[PDB]
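All remarks here apply to the structure that follows.
In this chain, residues are counted from 1 in sequence order.
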Amino acid sequence: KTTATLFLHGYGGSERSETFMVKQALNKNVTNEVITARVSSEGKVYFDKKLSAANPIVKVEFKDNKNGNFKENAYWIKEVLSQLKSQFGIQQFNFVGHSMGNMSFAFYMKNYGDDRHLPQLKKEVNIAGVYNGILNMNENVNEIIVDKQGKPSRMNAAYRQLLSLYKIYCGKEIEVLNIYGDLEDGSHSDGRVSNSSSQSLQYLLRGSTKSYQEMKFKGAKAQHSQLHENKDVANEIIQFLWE
């Protein structure tokens, strides 16, 4: 059975933000299929090439790529999934996203995560997830804290609408890998987002995933944008989704 692996860009980005990591996949023979799903502002979906095909990779680009509205960027996500099925029949998918493409996938799963007419999740890769806020926005550096279970010492607006998201992950045996960076510069962050922010995903999933792992890459090559431009991160993701 065929499983499309969708790559979503963070704020400001496009399909070119996803390239370095899928190019690491192709060099690993993973698949010969890559295609681009483009989504306008209205939310009509255009595929550049068609589909047939093992471990196919699909790159998702939103034309309106500066929309901070999680519910419409999670509505878009459901439009691509439901276009990949209506057209190519794909029944399951892996998801990997950068920063805010992941906050849009927590709102996808929240509003469309129990529907069955929709391609089902299998694995999940989360790069610099921005779950309990952003640095220098609605949080500050070393301010917010997480316990054992990734529960925030303080929870921000959006994080709270996502509390009942375990209810969706339960019993779907969804594996989840949580990748974030610690520059090591005394700020416990990826330059842009807090480790507690993305680490607070473990409390959103509440022990209801088939599998939950976190990887804290460290150093200069573990900076926000450096995360999807590292090869030691991209193989981490290859071996998880595909090996």
Side-chain angles (χ1 to χ4, degrees), residues 3 5-10 13 17-25 27-28 30 55 57 93-106 109 121-135 139 141-142 144-152 159 162 165-166 169 173-243:
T3 307
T5 293
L6 287 76
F7 275 79
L8 196 37
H9 59 266
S17 308
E18 316 161 7
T19 300
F20 171 101
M21 285 196 315
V22 8
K23 158 188 204 162
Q24 181 52 16
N27 306 348
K28 254 60 182 168
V30 158
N55 304 190
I57 301 169
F93 71 78
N94 300 332
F95 179 88
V96 21
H98 188 242
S99 67
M100 167 177 140
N102 296 315
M103 191 51 143
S104 309
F105 187 68
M109 291 276 73
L121 181 65
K122 301 277 94 173
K123 271 173 199 271
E124 174 169 326
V125 177
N126 288 307
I127 290 105
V130 280
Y131 303 108
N132 198 26
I134 293 195
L135 280 175
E139 179 200 356
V141 182
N142 306 164
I144 293 181
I145 268 73
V146 300
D147 63 3
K148 311 278 218 68
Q149 339 163 138
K151 164 140 53 99
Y159 189 87
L162 288 176
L165 199 64
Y166 63 104
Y169 275 78
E173 305 191 7
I174 299 176
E175 293 164 59
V176 172
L177 167 67
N178 196 346
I179 292 144
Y180 44 91
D182 180 0
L183 286 176
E184 305 284 326
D185 62 9
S187 73
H188 308 107
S189 60
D190 59 337
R192 286 272 161 170
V193 182
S194 172
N195 289 177
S196 43
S197 179
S198 330
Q199 259 190 288
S200 73
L201 170 63
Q202 185 200 163
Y203 188 68
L204 253 20
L205 307 170
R206 214 87 107 241
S208 67
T209 60
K210 166 178 172 180
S211 185
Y212 177 91
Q213 186 157 142
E214 304 176 357
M215 319 224 203
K216 186 184 77 201
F217 289 76
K218 304 154 74 183
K221 302 263 264 55
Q223 184 263 340
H224 196 69
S225 277
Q226 293 282 188
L227 275 175
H228 52 96
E229 293 300 290
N230 201 5
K231 291 178 194 292
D232 303 329
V233 175
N235 286 314
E236 212 48 41
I237 308 190
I238 302 278
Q239 197 164 183
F240 173 61
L241 259 37
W242 286 305
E243 285 188 17

What distance do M109 atom CE and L121 atom CG have between them, rounded to the nearest 0.5 Å?
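So the gap between those two atoms works out to 6.0 Å.
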
Please report the interatomic distance CE(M103) to OG(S198), rounded to the nearest 0.5 Å.
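One gets 10.0 Å once the value is rounded to the nearest 0.5 Å.
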
Cation-pi check, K122 onto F93 ring (under 6.0 Å, within 45° of axis)
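Judged by the rule (NZ or CZ under 6.0 Å from the ring centre, within 45° of its axis), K122 is not positioned above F93.
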
Steps toward side-chain contact (heavy atoms from CB on, under 4.5 Å) verdict (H98, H224)
CA-CA 9 Å; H98 188 242; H224 196 69; 3.4 Å; yes

Whether the side chain of [X] engages the backbone of [Y] through a donor-acceptor N/O pair (distance < 3.5 Å, no angle test) should be reported.
| X | Y | result |
| --- | --- | --- |
| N142 | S187 | yes |
| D190 | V193 | yes |
| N94 | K123 | yes |
| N230 | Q226 | no |
| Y159 | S200 | yes |
| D147 | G150 | yes |
| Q202 | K148 | yes |
| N178 | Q213 | no |
| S197 | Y131 | yes |
| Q149 | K151 | no |

Answer yes or no: is there a side-chain heavy-atom contact under 4.5 Å between [X] and [Y]?
| X | Y | result |
| --- | --- | --- |
| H228 | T19 | no |
| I237 | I127 | yes |
| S189 | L135 | yes |

Checking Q199 against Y180 for the side-chain contact (heavy atoms from CB on, under 4.5 Å) test, could you report, in this order, the C-alpha distance in whole Å, the side-chain angles of both residues, the deciding distance, and whether it holds?
CA-CA 8 Å; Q199 259 190 288; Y180 44 91; 3.1 Å; yes

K221 and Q223: side-chain contact (heavy atoms from CB on, under 4.5 Å), yes or no, with the steps?
CA-CA 6 Å; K221 302 263 264 55; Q223 184 263 340; over 6 Å; no

The criterion is side chain to side chain donor-acceptor pair (under 3.5 Å); which residues satisfy it with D182, sequence neighbours excluded?
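For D182, no residue satisfies side chain to side chain donor-acceptor pair (under 3.5 Å) once neighbours in sequence are set aside.
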
